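To keep things clear, I will list the structure first and then write my remarks on it.
A quick note on method: Cβ atoms are made from the backbone with ideal geometry, for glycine too, and the neighbour counts reach across all protein chains shown. Quick note: the coordinates plus some simple rules give every number you see, no bench work behind them.
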Amino acid sequence: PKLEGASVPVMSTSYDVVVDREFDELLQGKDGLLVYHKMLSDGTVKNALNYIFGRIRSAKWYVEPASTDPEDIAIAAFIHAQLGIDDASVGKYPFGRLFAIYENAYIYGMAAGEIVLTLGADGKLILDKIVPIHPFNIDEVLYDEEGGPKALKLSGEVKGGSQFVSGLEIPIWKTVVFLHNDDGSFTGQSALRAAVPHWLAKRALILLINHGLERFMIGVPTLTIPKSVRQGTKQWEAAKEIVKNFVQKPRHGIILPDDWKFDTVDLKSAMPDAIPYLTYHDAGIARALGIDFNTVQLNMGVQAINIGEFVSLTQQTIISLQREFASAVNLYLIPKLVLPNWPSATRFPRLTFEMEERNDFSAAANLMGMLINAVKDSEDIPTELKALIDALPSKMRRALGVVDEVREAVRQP
Amino acid sequence: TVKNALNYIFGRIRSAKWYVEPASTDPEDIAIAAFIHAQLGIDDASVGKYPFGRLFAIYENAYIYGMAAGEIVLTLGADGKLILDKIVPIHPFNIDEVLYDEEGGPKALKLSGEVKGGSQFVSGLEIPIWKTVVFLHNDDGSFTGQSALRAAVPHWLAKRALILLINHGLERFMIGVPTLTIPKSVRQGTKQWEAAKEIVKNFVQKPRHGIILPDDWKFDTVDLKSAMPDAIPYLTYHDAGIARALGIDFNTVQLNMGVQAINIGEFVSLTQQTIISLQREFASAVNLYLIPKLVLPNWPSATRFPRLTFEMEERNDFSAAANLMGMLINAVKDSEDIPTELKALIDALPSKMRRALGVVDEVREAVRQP
Amino acid sequence: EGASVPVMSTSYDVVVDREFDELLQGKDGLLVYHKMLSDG
Amino acid sequence: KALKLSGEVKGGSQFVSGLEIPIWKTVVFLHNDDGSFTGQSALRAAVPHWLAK
């Protein structure tokens, strides 16, 4: 008596004017990718990405085992060594390449890498390299009859210009795929999508301000002459010179016959101060990414006392990005490193990170001191200490940090 | 502003320190809860096993649109138990209707949409409720969900209309509206008419060009009679009102800028009351639709179920709670078995004191026994 | 066996090898950045 | 595989033209490599503000 499979296929997020999550024509195709690429040249976008991408990488990445069983510890230790998990999250070369690919998926909606294995020095199959696949070079995702992804179809120029590759198909099981903000249909979306209106408004507004500034700074010179003066006279040339010189040589000064009148246009108000409106839109670029402190004003001006709370609010956005990254690693990469070496493996180690929400360090370090004090008189302080830690209620245990049993197994010489 | 608010709310929901509570302290309920803990991959960061994050994404669609669902697919696992294979997400754009029995209870979802990749159109596919997890947002008891964004619509519309009006206002006050008064002699298609149009055009486009006029032509800009009204506070009233309408109790547009309340943390605490309600709505669906589906095929006479739950995060009491934890450790430090004596003492504490320390997770302890 | 996908250029439409802006392409681009070093 | 180099030797003794050096003889630093082995100046996004200033 065998179990039923899925009766519902994966379906596109499509209704009426919305086709595969998108209503806007200009952001729809691969032509939409050109908009997001152009956004990377904006200083506010780049500032936000530097912060977000840096914070994600700094999240104290480690490997948790599928269980506390000796065998799951050993498998997890192997993955730990493959990535070069360390205190700064520097790692072995391919680890940083995975974040770079994920950054492309954040910007564009989706990116991928080909996983290449090689024979290790001890007989195991090990990660050789990750070949990055850019969304500029993805034609389409190919699907099975249930709407599950099966392959990527690629077209692009081989770097160095040796040849054009046309419709190369790569099976999904040879890849890690990163999707940003998947709604369940297997369609990624650029994180910059909600920032486009503010970005456009910021640009239009800089153009408007620059033009306003000219007229209010210089003045628009007017010269009224007798209707007897006509074009191509020496009189006319003199009128032209006066107007030109007012703009270019303000020190020259103006000598007029008494029937010629010079004035600048009366704008009849002071220049409108458009700076707060500009910064509303400019700062709104970073708000649209889920950043909860003002990235344009930064430390300047009267503000909330407690800026750290706003950094903590921002962590809720960034921590979701870390889970999105970890999820793809855990689904696409780790099983593909384990199964060649352990073919009957049913459960897998997981890449994970330390939750950084609030600064509770001073309180937690004081608790740590109290724990040590308690098992001080002990014969084996490290063992008593760790036993005591694992007995603690969740909030207390987590505030100290991770007791990394996988790291322990890796570091045993 | 919508996207900013959703990033915060959905991030905080997922960060709630999700765990599994057993139906009772009985050994068997602990064992069943441990099985559920292992299915989801419950861990300190709430990363989890693949389908765990998939449940949240479905719930997010329900928050945005009112309703979403997933098909629960089971498979035979390594040790003989029926385990969770996958959750197939069902988007509201592809739900035709909910089908009901004669008592008005839900019996099935009827679905229509294009299979991803465009291989075929699926038409009127019926899925029994017992094969699904259904997420409704803000169910009033009639089994009708409602978008969380409903009360934000008027502010969102107002914000958009105001940006347009401000943009329009800014041009006339920035540039000016040029006027040129000329003799009634001048007619269209004169050299003179061309020069008139050029003056007006160049005033807009080339203010440095300057203007030479016969003494019977007068140039001016329109007198607007006063300075441009400052519409920014009204705009931000409506804009920030979008996030207010979701139950966020700090200003998401101004953020850290401007003179403010000293205690921003209190407003983050107020906001938690909204977000904690969303966590219970999510937990409720998992506890009703998913957990019993995973338990019953393995324990067919199970009458009581483990529950997905979370740590209440309302206030920051950590310094005081950590100090209490130290006082407790110090009182049992002379014990031959500090771990056992500590947990015994913690369970005996009055409720406020006990909860502030965190969860003594006996399901986790069972799971971690090698 | 090794890779079945080559490393490809980040090119599509007016974007050639990551750049759309003529004035910042090639070694002429490097002159702009060099000039920027004399800004305080 | 290689860098192809051209420039004047410091002191002006000769012009070097199309000299090829294999990558295994070098350390290469790229800034903000997107996976294509193309670096990009950190100053790219600062250009509009610099011009405006």
Next item on the list: Select from region A:348-370 the residues that are among the charged types (D, E, K, R) and facing chain B (nearest Cβ under 8 Å) and list them in ascending order.
Entry: A:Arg350, A:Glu354, A:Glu357, A:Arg358, A:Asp360
Notebook entry, point to check: In region B:327-336, which residues are at the interface with another protein chain (Cβ under 8 Å from one of its Cβ atoms) and surrounded by fewer than 18 Cβ atoms within 10 Å (Cβ to Cβ)?
Noted result: B:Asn330
Margin query: Considering only residues that are part of a loop (DSSP other than H, G, I, E, B), buried (at least 17 other Cβ atoms within 10 Å of the Cβ) and within 12 Å of another protein chain (Cβ to nearest Cβ), which ones fall in region B:117-138?
Written below: B:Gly117
Notebook entry, point to check: What number of residues within region B:140-181 are within 28 Å of the chain's Cα centre (by Cα) and touching a residue at least 40 places away in the same chain (Cβ under 8 Å)?
Noted result: 15
Notebook entry, point to check: Restricting region B:210-236 to residues that are hydroxyl-bearing (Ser, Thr, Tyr) and more than 30 Å from B:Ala196 (Cβ to Cβ), which is farthest from the other protein chains (Cβ to nearest Cβ)?
Noted result: B:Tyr234
Note to self: Return the residues of region A:305-316 that are facing chain B (nearest Cβ under 7 Å) and surrounded by fewer than 23 Cβ atoms within 10 Å (Cβ to Cβ); say none if nothing qualifies.
What the structure shows: A:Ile305, A:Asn306, A:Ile307, A:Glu309, A:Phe310, A:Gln316
Notebook entry, point to check: Any chance region B:278-286 includes a residue that's surrounded by fewer than 17 Cβ atoms within 10 Å (Cβ to Cβ) and either touching an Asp or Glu at 6+ places or on another chain (Cβ under 9 Å) or among the polar types (S, T, N, Q) (or both)?
Noted result: yes
Check: Among B:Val363, B:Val295, which is the only one that is over 30 Å from B:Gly141 (Cβ atoms), in contact (Cβ under 8 Å) with a residue 24 or more places away in the chain, buried (at least 17 other Cβ atoms within 10 Å of the Cβ) and out of contact with any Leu (no Cβ under 7 Å at 6 or more places or on another chain)?
Finding: B:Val363
Item checked: The lone exception for B:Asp101 - which of (1) more than 9 Å from every other protein chain (Cβ to nearest Cβ); (2) out of contact with any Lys or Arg (no Cβ under 8 Å at 6 or more places or on another chain) it fails -> (2)
Note to self: One residue is enough: does region A:107-116 have a residue meeting the conditions in a loop (DSSP other than H, G, I, E, B) and within 20 Å of A:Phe178 (Cα to Cα)?
What the structure shows: yes
Next item on the list: Have a look at A:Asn294, A:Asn299 and point out the one that is more than 30 Å from A:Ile115 (Cβ to Cβ), in a loop (DSSP other than H, G, I, E, B), of a type in the set (S, T, N, Q) and within 8 Å of chain B (Cβ to nearest Cβ).
Entry: A:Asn294
Notebook entry, point to check: If you check A:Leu339 against the conditions, is it surrounded by fewer than 20 Cβ atoms within 10 Å (Cβ to Cβ), without any contact (Cβ under 8 Å) to a residue 12 or more places away in the chain and either within 20 Å of the chain's Cα centre (by Cα) or within 24 Å of B:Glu60 (Cβ to Cβ) (or both)?
Noted result: no
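To keep it simple, each residue is scored yes or no on (1) basic (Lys, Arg); (2) in contact with a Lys or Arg (Cβ under 7 Å, 6 or more places away or on another chain); (3) without any contact (Cβ under 8 Å) to a residue 24 or more places away in the chain.
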position: B:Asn4; (1), (2), (3): no, yes, no
position: B:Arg12; (1), (2), (3): yes, no, no
position: B:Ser15; (1), (2), (3): no, no, no
position: B:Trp18; (1), (2), (3): no, no, no
position: B:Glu21; (1), (2), (3): no, yes, no
position: B:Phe35; (1), (2), (3): no, no, no
position: B:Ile42; (1), (2), (3): no, no, no
position: B:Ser46; (1), (2), (3): no, yes, no
Notebook entry, point to check: Looking at region A:140-187, which of its residues are of a type outside the set (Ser, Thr, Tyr), within 20 Å of A:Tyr106 (Cα to Cα) and assigned to a loop (DSSP other than H, G, I, E, B)?
Noted result: A:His180, A:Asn181, A:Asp182, A:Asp183, A:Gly184, A:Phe186
Checklist line | Subset tally (residues that are under 20 Å from A:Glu103 (Cα atoms) and more than 7 Å from every other protein chain (Cβ to nearest Cβ)) for region A:139-171 | finding: 4
Check: Out of (1) under 28 Å from the mean Cα position of the chain (by Cα); (2) hydroxyl-bearing (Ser, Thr, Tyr); (3) surrounded by fewer than 17 Cβ atoms within 10 Å (Cβ to Cβ), what's the single condition that is false for B:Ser185?
Finding: (1)
Check: Residue check, A:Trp260 against (1) farther than 18 Å from B:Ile166 by Cβ; (2) facing chain B (nearest Cβ under 7 Å), all met but one. Which one?
Finding: (2)
Margin query: Just the residues that are of a type in the set (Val, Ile, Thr), in contact with a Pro (Cβ under 8 Å, 6 or more places away or on another chain) and under 12 Å from A:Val410 (Cβ atoms), please, taken from region A:76-104.
Written below: A:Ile79
Checklist line | Residue under evaluation B:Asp239, criteria (1) outside any loop (DSSP other than H, G, I, E, B); (2) without any contact (Cβ under 8 Å) to a residue 40 or more places away in the chain; (3) out of contact with any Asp or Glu (no Cβ under 7 Å at 6 or more places or on another chain); (4) within 12 Å of another protein chain (Cβ to nearest Cβ), criterion not met | finding: (2)
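Tell me which residues, restricted to region B:188-236, are in a loop (DSSP other than H, G, I, E, B), among the basic types (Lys, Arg) and loosely packed, with under 15 Cβ neighbours inside 10 Å.
Within region B:188-236, the first condition is being in a loop (DSSP other than H, G, I, E, B), and the residues that meet it are B:188-190, B:206-210, B:215-217, B:222-231.
Now drop any that are not among the basic types (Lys, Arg), which leaves B:206, B:208, B:225.
Result: B:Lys206, B:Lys225.
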Check: So which of A:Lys249, A:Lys268 is surrounded by 12 or more Cβ atoms within 10 Å (Cβ to Cβ) and among the basic types (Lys, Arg)?
Finding: A:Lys268
Item checked: Hits in region A:371-399 - residues which are within 10 Å of chain B (Cβ to nearest Cβ), of a type in the set (A, V, I, L, M, F, W, C), crowded, with 16+ Cβ neighbours inside 10 Å and under 22 Å from A:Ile73 (Cβ atoms) -> A:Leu388, A:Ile389, A:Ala391, A:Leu392
Check: Which pairs have Cβ atoms under 8 Å, sit 6 or more apart or on different chains, and link a residue in region A:52-81 that is at positive phi to one that is part of a loop (DSSP other than H, G, I, E, B) and surrounded by 20 or more Cβ atoms within 10 Å (Cβ to Cβ)?
Finding: A:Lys60/A:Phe353
Next item on the list: Look through region A:242-274, keep the residues that are touching a residue at least 24 places away in the same chain (Cβ under 8 Å) and assigned to a helix (DSSP H, G or I), and return whichever of them is nearest to A:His198 (Cα to Cα).
Entry: A:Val247
